[PDB]
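What is reported rests on the model, the rules as stated and the sources as named; no laboratory instrument gave them. Backbone-built Cβ (ideal geometry, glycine too); neighbour counts: all protein chains shown.
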Amino acid sequence: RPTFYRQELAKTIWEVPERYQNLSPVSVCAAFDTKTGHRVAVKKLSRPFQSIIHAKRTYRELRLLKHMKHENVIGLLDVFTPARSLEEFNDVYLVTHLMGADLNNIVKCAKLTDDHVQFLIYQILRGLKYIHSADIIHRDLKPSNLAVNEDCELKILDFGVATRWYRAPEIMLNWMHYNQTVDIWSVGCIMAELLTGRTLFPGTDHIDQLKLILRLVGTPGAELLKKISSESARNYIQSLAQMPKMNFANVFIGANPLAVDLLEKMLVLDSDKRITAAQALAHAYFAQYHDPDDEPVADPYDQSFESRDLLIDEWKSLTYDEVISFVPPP
Ligand SMILES: Cc1ccc(-[n+]2[nH]c(C(C)(C)C)cc2NC(=O)Nc2ccc(-c3ccc(CN4CCOCC4)nc3)c3ccccc23)cc1
């Protein structure tokens with residue numbers, strides 16, 4: 001066992017090992033990792049075991065981060081607790097490499113060059129292909145969930161910019177039976193945004209959002225229309241069939257034609273027809289970076305627990321289990 005030291009940052013108390021120095025708020029804190037001489041990010045889980053929800057939510061995030069090992073996905077450097085036993089196990093801290101900024105700020109500086117868009121979207125798809133391997137769906141892919149530093153290297157993550165604007169329609173209206181291409185749809189909204197600099201579908205609510213989406217992609221067709229279970233949506237769609245649609249080559253005038261093609265294949269209402277992460281990686285638009293041998297999938301991930309209903313102390317224990325069994329990366 002290490003040796004921690006107390007400290008209070010903006011009301012929050014912090015008990016981390018001497019190994020980490022210069023804690024500076026950013027709730028997460030920026031710190032210096034004395035063991036590697038690298039700057040890190042330290043997130044103290046708020047009230048991890050306050051309710052069964054937080055306990056499961058706390059356990060879920062720990063299991064995930066411990067499983068993610070890809071250059072384009074946030075990875076767990078360290079997970080510690082000032083607790084010396086399970087009984088006194090009330091605090092959880094997670095550690096990762098510090099980073100530059102959201103794809104927000106890193107875009108506020110410009111509109112991004114076509115090569116920058118290729119490289120950025122290319123790393124999102126590479127990280128996406130990986131996590132999709134473990135049958136994991138992000139469900140909240142958006143500018144603020146992407147970390148990019150100076151080198152222009154990207155990494156996906158989830159902080160827990162309306163997520164709305166990027167949400168796929170199957171998921172926004174809910175039919176309970178989606179797929180991983182919910183994420184690809186979001187990628188299309190971000191990609192489009194980098195190329196144009198402006199938000200593709202800046203709706204005000206779920207009703208506004210849909211109007212925006214349809215005015216571009218058009219109203220559902222027979223094939224897509226006979227796949228909608230809920231009559232409620234079925235009726236709405238077949239009613240508001242009035243929205244002057246568009247033709248991508250126009251909506252994105254002057255963009256790499258390879259780029260507008262990709263979008264066409266990402267921004268489809270039919271999740272059954274939407275391109276996948278692995279398929280987009282092979283799109284000619286990324287021909288400059290694509291390498292089928294450096295685009296790894298993930299080991300299978302056990303999501304059994306998602307369906308279990310346990311006490312707070314049980315989720316707490318499994319969480320403690322995960323904390324002790326942590327094997328730091330090389
Ligand atoms: C209930 C549940 C379940 C899962 C869940 N997921 N899922 C994922 C996927 C694998 C799907 C992408 C990731 C993820 N959670 C995640 O990545 N958590 C974190 C987010 C964010 C930070 C974090 C904050 C500020 C900063 C500092 N600023 C400087 C400027 O640039 C932006 C970043 N850095 C990092 C962080 C830090 C340490 C440790 C963890 C962290 C989140 C909640």
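Before moving on, here are some points about what is shown:
- Reported count of residues in region 200-225, each being among the polar types (S, T, N, Q) and either assigned to a helix (DSSP H, G or I) or over 19 Å from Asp272 (Cα atoms) (or both), is 2.
- Yes/no for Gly75 being farther than 19 Å from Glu314 by Cβ, in contact with a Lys or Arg (Cβ under 7 Å, 6 or more places away or on another chain), within 13 Å of the ligand (Cβ to nearest atom) and small (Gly, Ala, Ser): yes
- Subset of region 98-107 (residues that are over 16 Å from the mean Cα position of the chain (by Cα) and within 8 Å of the ligand (Cβ to nearest atom)): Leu98, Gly100, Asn105
- Restricted to region 237-330, the set of helices (runs of 4 or more DSSP H) holding at least 1 residues that are polar (S, T, N, Q) and surrounded by fewer than 16 Cβ atoms within 10 Å (Cβ to Cβ) comprises 248-251, 277-281.
- Annotation: of all residues in region 1-15 being aliphatic (A, V, I, L, M) and part of a strand (DSSP E or B), the one that is nearest to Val323 (Cα to Cα) is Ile13.
- Apart from one condition, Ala110 fits all of (1) of a type in the set (A, V, I, L, M, F, W, C); (2) more than 10 Å from the ligand (Cβ to nearest atom); (3) not assigned by CATH to the domain that holds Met266; the exception is (3).
- When residues of region 24-55 are limited to those that are crowded, with 18+ Cβ neighbours inside 10 Å and more than 16 Å from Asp91 (Cα to Cα), the one nearest to the ligand (Cβ to nearest atom): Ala41
- Identity of the residue in region 79-97, of a type in the set (A, V, I, L, M) and not in a loop (DSSP other than H, G, I, E, B), that ends up farthest from the ligand (Cβ to nearest atom): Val79
- Neighbours by Cβ (under 6 Å, 6+ apart or cross-chain): first from region 38-66, charged (D, E, K, R); second surrounded by fewer than 20 Cβ atoms within 10 Å (Cβ to Cβ) and in a helix (DSSP H, G or I): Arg47/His54
- Checking each residue in region 100-145 for being of a type in the set (A, V, I, L, M, F, W, C), over 22 Å from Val260 (Cα atoms) and crowded, with 21+ Cβ neighbours inside 10 Å picks out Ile106, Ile131.
- Per the listing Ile184, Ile171, the residue uniquely assigned to a helix (DSSP H, G or I), more than 10 Å from the ligand (Cβ to nearest atom) and within 28 Å of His97 (Cα to Cα) is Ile184.
- All of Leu263, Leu225 fail the test of being in the same structural domain as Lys142 (by CATH) and under 27 Å from the mean Cα position of the chain (by Cα), apart from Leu263.
- Counted residues, region 133-147 - those being assigned to a strand (DSSP E or B) and within 8 Å of the ligand (Cβ to nearest atom): 1
- So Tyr285, is it among the hydroxyl-bearing types (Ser, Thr, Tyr) and under 21 Å from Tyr130 (Cα atoms): yes
- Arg126 vs. criteria closer than 26 Å to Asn105 by Cα and in a loop (DSSP other than H, G, I, E, B): no
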